[PDB]
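Participant:
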Ligand SMILES: C[C@@]1(CC(=O)O)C2=NC(=C\c3[nH]c(c(CCC(=O)O)c3CC(=O)O)Cc3[nH]c(c(CC(=O)O)c3CCC(=O)O)/C=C3\N/C(=C\2)[C@@H](CCC(=O)O)[C@]3(C)CC(=O)O)/[C@H]1CCC(=O)O
Ligand SMILES: NC(=O)c1ccc[n+]([C@@H]2O[C@H](COP(=O)([O-])OP(=O)(O)OC[C@H]3O[C@@H](n4cnc5c(N)ncnc54)[C@H](O)[C@@H]3O)[C@@H](O)[C@H]2O)c1
Ligand SMILES: Nc1ncnc2c1ncn2[C@@H]1O[C@H](CSCC[C@H](N)C(=O)O)[C@@H](O)[C@H]1O
Ligand SMILES: Nc1ncnc2c1ncn2[C@@H]1O[C@H](CSCC[C@H](N)C(=O)O)[C@@H](O)[C@H]1O
Ligand SMILES: [Cl-]
Ligand SMILES: [Cl-]
Ligand SMILES: [Cl-]
Ligand SMILES: [Cl-]
Ligand SMILES: [Cl-]
Ligand SMILES: [Cl-]
Ligand SMILES: [Cl-]
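Below, the structure written as C-alpha cells:
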C-alpha cells in the first residue's frame, strides 16, 4: 500500500506547525480538536492565530523557522508558501524521525492528512495519496450519505458497555455474537438518538439476557473463478466475519485480500480430501465460524458434498454460498456465451480428471446442438479431440481454451476441433475447454481483453 | 475528536514489532504491505516469520525486548501475550515519542490501527477508537463491497492524465463532471488493470472526445436466482452507477431494492415484450448517452438470450460488458442440498431447456445430473420419454421453485412421480434428475417452505 493509516492520540503531545496563513489555520484547528499541545512558528499570522493565542490554546513563535522547536514533537506540519522553508522543515523532521506533512507536496511528506467523515467516536478517513484529490472528495460525500448521523451514539454506547460485555461473556466468540446483534438492532439505535433511556435499558437487558448459540458452523463459500468482483455479497460477508478460512489454490489472491485480516488462514492442496473434512469438523466443533473458501462454485466439481456429509449427524450447523463457476466466468469474459438462440439446447459441464478406471461416454458427448465445457481437461485435450472426432463431431467445430478466466492474466486460444490438442500445449492450468458453435461468437461479443 | 487519522508513508522506514505469534504475524504482514523496514523482536517466532526472514523481507531479533531496537524507529507495535513486556515496550516508545500500538489494549497505545480498505493509492480507514471493533469490521465489509477492485488504477492514471488540465474544461463545474465520467468508467479501469493499453487510449480519448453529458454504455448484470446476497460485488457496483436499469421480473424485488435510488427503471417483463423491443430499448437508451444496466435473473449467458441483446449494441459502437451471475442450477443446488456433482455420481451436469426436439436417448444416458430450465410444462413428456428411453424408474428427481428465496419450495421423489410432482410447483422452477438428488436429506440446510 502507498500509506499506512493510523489513528493518533495527540492529547497533551507537542506538535509544531510552521506557517501562519489559511492552510496553517485549517491544520491547526484539526490539531487543537485532537488535543495537541500546538506551537505555530511563522513569519506572519492571520488573525485567527491571534484569537487562539489570546485564549491560551496554542503558542505562537513569530519569526523564521526554528528547528529546535521540533525537538519535543510527535508531529510536524510544513504550511508555509515557501518551498525552501518547507523542505528545511521536512529535513529537520526526518532527522528527528517526526512524521511530517508538507501541505503543498503529498509525495514529499512522511504523512498526508486524510479527508475525515466524523461520527465520533466513529471516524472514516479517505485519501488518494494526493494523486486524485477530486476522487477523494466524491468518495467523501458518498461515504457521508452512507453513515447515519447517529452512528456515533451507537458506537459511544458500545464503549460504555465493553467492560460489562467482557465480564459477562468469558469467551471472545460469545462477545462477537453479542456485538453483531447489538450493532444491527434498529430500535436500540433509535432509542439512543431520542435519548430514551428506559427504552435503551429495556432492549439492553434483553440483549444481555439472551442465550447465545455456542456451536460453531461451517460455510462453504464459492470464491468464483478469480476476479474478486465476482465474489457474492454473502460470500464477502462470510469471509469478512469468519474465525478461520480453509482455502485451496484456485482461490485468487485478490479474494484472499478480502478475508478478515484478524482471521486464521489454512491452505490445503498443492493434502488429502478426508483430511480437509476433519480440519473443518473439529474446528466447527471447537465453536468457531469456519469458512471453506473454494474456487468457482462449491457443488460443481468442488467435492463440497464430501466436505459437508461429515457434518450432518455430527450436529454441526452448515450452509452453502454458491459461486460463479468457471464455465460462467469464462463464458462472460471470453465473449463466448454458453447458450445462444439455438446454437445449443444443452450445456454439458464435463470433468476430464476421471476415476482410476473411468471412461467418458464419448458417443453421448459428441451429440450436436450443445456447448461442451471440460473442467480439469488440459492434460487430455488430445484424447478429447480424438474421441470427439471418432463419434461424429465435425472437424471444423470451433473450440476455445480459457486460461485463468476473469483474471488480468486471462489468455484465450481458440480454433477448430482438429487443433484442440495443439492449442492445449499453449496454456497451463487452470484452463477450461469450450467446444461448440458458440465459440464463433467470440469475435462479435468479446469485451474484456485480447490478453 | 479523540484520535487524528493520518496516512503514514512507511517505505524503508524502520518500524518494530515486539512479539512473534499469530498476532504479531498479522501486523508484520500489514507493515510489509506498506514497505516498512521491519524488525521483529520476540522470545520465539512462528514459522511465517523465519520464511519472511529467509526471503530477505524483514529482520528478526530472537530474545527479550531490547529498547535500543527503538532507537532509529518510526513506529512500534506491542504484540506479545505478556502485559509486562507490552507495557515496557509502549513506555520505551513514549519516552522516544515513537507512536505505538498495543494490540489488545487500545488506550495503552499512542495510536490505534483502524480497519483498512486498500485501493492504493486510494485508501479508506475505519476506526471507532477502540469502542466498536465489530462495527469497524461491519463498515469495512460494506466499503469493500462498494469500492471497485481497480479504482486504484484509475486513481493513479487520473493524477497523471491531468496534462489535459483545463485543456477543454475551464470551469471547476465542467472538470468535476469529467472526473465524474472518469472515475466510474469501469471499462477504462479493467483495461488499465489488464494492461491492454490499446483498449486504454481507446476508452481514454472517447472520454475526451464524446460530449461531456454522454456516458453511453451497456452492462449485462446477472442478478442470480433471487437471494439478494447472491449478487456479485461488481453486480452491485454496476447497478449503483446505472442511469437506467432494464429488468425483467425474473429479477427479485430484493435485487431491485439495491438499485440506485435515482436511476430510472424500465420494466421489460411480462404481466409479453418480444426480444427485439428489448434489444432496441437498450440500444436507444444507450444512444442517448446513458449508463444502461440490463438486469437479468441468474446468469445472462445461460438461457438468458444475453448474446442476442449484445448483438444489437455491437456494431452501433456502443461499449458493453457482462457481469456473470449465479445461475439457477448453482443457486438451487446450494440452497436445496443437492450438489450438481458428488463423488462418482455424475461425470457431467446437463443444463437443458424445456424449432426442434430434445434428444431423449442422450438425456437418458447414465452418470449425468440433468437440470431442466423452463421445463415445468414438459414435465410429463420428460418423465414419459426418459423412462421409455431407458432411465431407471427409481431415479431420484427434485423440483426447486423460487430457489434461494425466502419462499423456496423443494418437492422430491422418483422419476415415476415427476409429472405429478410438477403440479405442486409454479414457475420459476428447476427440475433436477440424478442420483445427486438423494443427498438432499443429508445436506438440506435451508428451510423448506
Ligand atoms: C482493524 C484491526 C486491525 C488491523 O487492521 O489489522 C483491529 N482488530 C481487527 C479487528 C478485530 N479484532 C478483534 C475483533 C473482535 C472484537 C470484539 O468482538 O469486540 C475484531 C472485530 C472483528 O473483525 O470481528 C479482536 C479484538 N481486537 C480488539 C479487541 C478488544 C480490546 O483489545 O480491547 C478484541 C477482542 C477482545 C475480546 O473479545 O474481549 C481491539 C481492537 N480492534 C480494533 C481493530 C482496534 C480498535 C477498534 C475500535 O476502537 O473501534 C483495536 C484496539 C486493535 C488495534 O488498534 O490494534 C482488525 C480489523 C480487520 C478488518 O476490519 O478486517
Ligand atoms: N493547485 C491549486 O490550485 C491549489 C491546491 C491547494 C491550495 N492552493 C492554494 O494555495 C494557497 C496558499 O496560501 P495560504 O492560504 O497558506 O496563505 P498565506 O500566504 O497567508 O500563507 C503563507 C504563510 O506562510 C508563513 N511563512 C512564510 N515564510 C515563512 C518562514 N520562512 N518561516 C515561517 N513561516 C513562514 C507565513 O506565516 C504566511 O502566513 C492556499 O490558500 C490554497 O487556496 C492552490
Ligand atoms: N479461472 C479459471 N479459468 C479457467 N479454468 C478454471 C478457472 N478456475 C477453475 N477452473 C477449472 O476448474 C477446474 C478445477 S475443478 C473446480 C471447479 C470449480 N468448483 C468451479 O465451479 O469452477 C480446473 O481444472 C480448471 O479446469
Ligand atoms: N429462482 C429460481 N428458482 C428455480 N428456477 C429458476 C429460478 N430462476 C430462474 N429459474 C429457471 O430459469 C428459467 C428461466 S430462463 C433464465 C435462466 C437464467 N439465465 C439463469 O441463469 O438461471 C425458469 O424457467 C426456471 O427454470
Ligand atoms: Cl488525494
Ligand atoms: Cl465511487
Ligand atoms: Cl465433486
Ligand atoms: Cl443456444
Ligand atoms: Cl439462450
Ligand atoms: Cl446414474
Ligand atoms: Cl416452465
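Protein chains in written order, with the deposited numbering: chain A, 1 to 270, 277 to 457; chain B, 1 to 271, 276 to 358, 363 to 457.
Using N, Cα and C, we set each Cβ at its ideal position, and we do this for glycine too.
Check distances from the C-beta atoms of the region 177-206 of chain A to those of chain B and list, in chain order, the residues that come in under 7 Å.
Facilitator: Correct list: 179, 180 and 183.
Participant: Which residue or residues does DSSP assign as beta-bridge partners of residue 376/B?
Facilitator: Its beta-bridge partners are 352/B.
Participant: Is residue 147/B helix, strand or coil by DSSP?
Facilitator: Coil, per DSSP.
Participant: Give me the Cβ distance between residue 2/B and residue 343/A, rounded to the nearest whole Å; I'm assuming they're in contact under 8 Å.
Facilitator: Residue 2/B to residue 343/A, Cβ: 55 Å. No contact.
Participant: Within 7 Å of any Cβ in chain B, is that where the Cβ of residue 384/A sits?
Facilitator: Closer than 7 Å: no.
Participant: For the candidate residues 212/A, 171/A and 117/A, whose alpha-carbon lies nearest to that of residue 142/A?
Facilitator: Ranking the options by Cα distance to residue 142/A, first place goes to 117/A.
Participant: With hydrogens ignored, establish whether the beta-carbon of residue 106/B is closer than 6 Å to any heavy atom of ligand 1.
Facilitator: The answer is yes for residue 106/B.
Participant: Kindly examine ligand 3 and report whether one of its heavy atoms sits closer than 6 Å to the Cβ of residue 248/A.
Facilitator: No, Cβ of residue 248/A sits at least 6 Å from all heavy atoms of ligand 3.
Participant: Is there a C-beta anywhere in chain B that falls below 7 Å from the one on residue 214/A?
Facilitator: Not one chain B Cβ lies under 7 Å of residue 214/A.
Participant: Excluding five sequence neighbours on each side, which residues of the same chain lie with their C-beta closer than 8 Å to the C-beta of residue 401/B?
Facilitator: Cβ within range, chain order: 395, 422, 423 and 424.
Participant: Please enumerate, following chain order, all residues with a beta carbon closer than 7 Å to at least one heavy atom belonging to ligand 11.
Facilitator: In chain order, the qualifying residues are 358/B, 382/B, 383/B, 384/B, 385/B, 435/B and 437/B.
Participant: Less than 6 Å separating the Cβ of residue 345/A from some heavy atom of ligand 9?
Facilitator: Residue 345/A Cβ: within cutoff of ligand 9.
Participant: Any beta carbon from chain B within less than 7 Å of residue 362/A's own beta carbon?
Facilitator: Answer no: the Cβ-Cβ gap between residue 362/A and chain B never drops below 7 Å.
Participant: Cβ of residue 453/B less than 7 Å from any chain A Cβ?
Facilitator: True, the Cβ-Cβ gap to chain A drops below 7 Å.
Participant: Step through the CB atoms of chain B and report whether any lies within less than 7 Å of the CB of residue 74/A.
Facilitator: Closer than 7 Å to some Cβ of chain B, the Cβ of residue 74/A qualifies, so yes.
Participant: Taking all protein chains shown into account, decide if residue 440/A is buried (16 or more other Cβ within 10 angstroms of its Cβ) or exposed.
Facilitator: Buried: at least 16 other Cβ atoms inside 10 Å.
Participant: Nearer than 6 Å: is that true of the beta carbon of residue 86/B relative to any heavy atom of ligand 1?
Facilitator: No.
Participant: Following the continuous beta strand (DSSP E) through residue 282/A, name the residue where it begins and the one where it ends.
Facilitator: Run containing residue 282/A: none in the beta strand (DSSP E); it sits in the alpha helix (DSSP H), 279-291.
Participant: Under the rule that 16 or more other beta-carbon atoms within 10 Å means buried, what is residue 217/A, buried or exposed?
Facilitator: When all chains shown are included, residue 217/A counts as buried.
Participant: Is residue 253/B close to chain A? Criterion is C-beta to C-beta, closer than 7 Å.
Facilitator: No, residue 253/B does not count as interfacial toward chain A.
Participant: Along the chain, where does the beta strand (DSSP E) that runs through residue 123/A open and close?
Facilitator: Run containing residue 123/A: 122-127, per the beta strand (DSSP E) assignment.
Participant: Between residue 350/A and ligand 8, is there a pair consisting of the residue's CB and a ligand heavy atom that are separated by less than 6 Å?
Facilitator: Yes, the Cβ of residue 350/A comes within 6 Å of a heavy atom of ligand 8.
Participant: Taking 6 Å as the line, does the beta carbon of residue 136/B fall inside it for any heavy atom of ligand 1?
Facilitator: Within the cutoff, so yes.
Participant: In terms of residues, what are the limits of the beta strand (DSSP E) holding residue 230/B?
Facilitator: Segment: none, residue 230/B is in no beta strand (DSSP E) and carries neither H nor E.
Participant: Using a Cβ cut-off of 7 Å, which residues of the region 6-20 of chain A contact any Cβ in chain B, in chain order?
Facilitator: Of all residues in the region 6-20 of chain A, 6, 7, 8, 9 and 10 have a Cβ within less than 7 Å of some Cβ in chain B.
Participant: Taking the CB atoms as reference points, tell me whether residue 147/A and residue 119/A lie closer together than 7 Å.
Facilitator: Yes. Within cutoff.
Participant: Between the alpha carbons of residue 111/A and residue 37/B, how many angstroms are there, rounded?
Facilitator: Cα to Cα, residue 111/A sits roughly 16 Å from residue 37/B.
Participant: Does at least one heavy atom of ligand 2 sit under 6 Å from the Cβ of residue 23/A?
Facilitator: Yes, Cβ of residue 23/A sits closer than 6 Å to a heavy atom of ligand 2.
Participant: I'd like to know if residue 45/A contacts chain B, where contact means its C-beta is closer than 7 Å to some C-beta of that chain.
Facilitator: Chain B contact via Cβ: absent.
Participant: State the start and end residues of the unbroken alpha helix (DSSP H) segment that holds residue 409/B.
Facilitator: Counting along the chain, residue 409/B falls outside any alpha helix (DSSP H), though it belongs to the beta strand (DSSP E) covering 404-409.
Participant: Determine the DSSP secondary structure at residue 5/A, reduced to helix, strand or coil.
Facilitator: Here residue 5/A sits in strand by DSSP.
Participant: Cβ of residue 375/B within 6 Å of any heavy atom in ligand 10?
Facilitator: Under cutoff, so the answer is yes.
Participant: Where does residue 217/B fall in DSSP's three states?
Facilitator: Of the three classes helix, strand and coil, the one that applies to residue 217/B here is strand, per DSSP.
Participant: Measuring straight from C-alpha to C-alpha, what distance separates residue 340/A and residue 174/A?
Facilitator: Roughly 46 Å between the two C-alpha positions.
Participant: Closest by CA to residue 406/A, which one among 383/A, 397/A and 393/A?
Facilitator: Comparing Cα positions, the closest option is 383/A.
Participant: For the region 94-114 of chain A, list every residue whose C-beta sits within 8 Å of some C-beta in chain B, in sequence order.
Facilitator: Of all residues in the region 94-114 of chain A, 97, 98, 99, 101, 109, 110, 111, 112, 113 and 114 have a Cβ within less than 8 Å of some Cβ in chain B.
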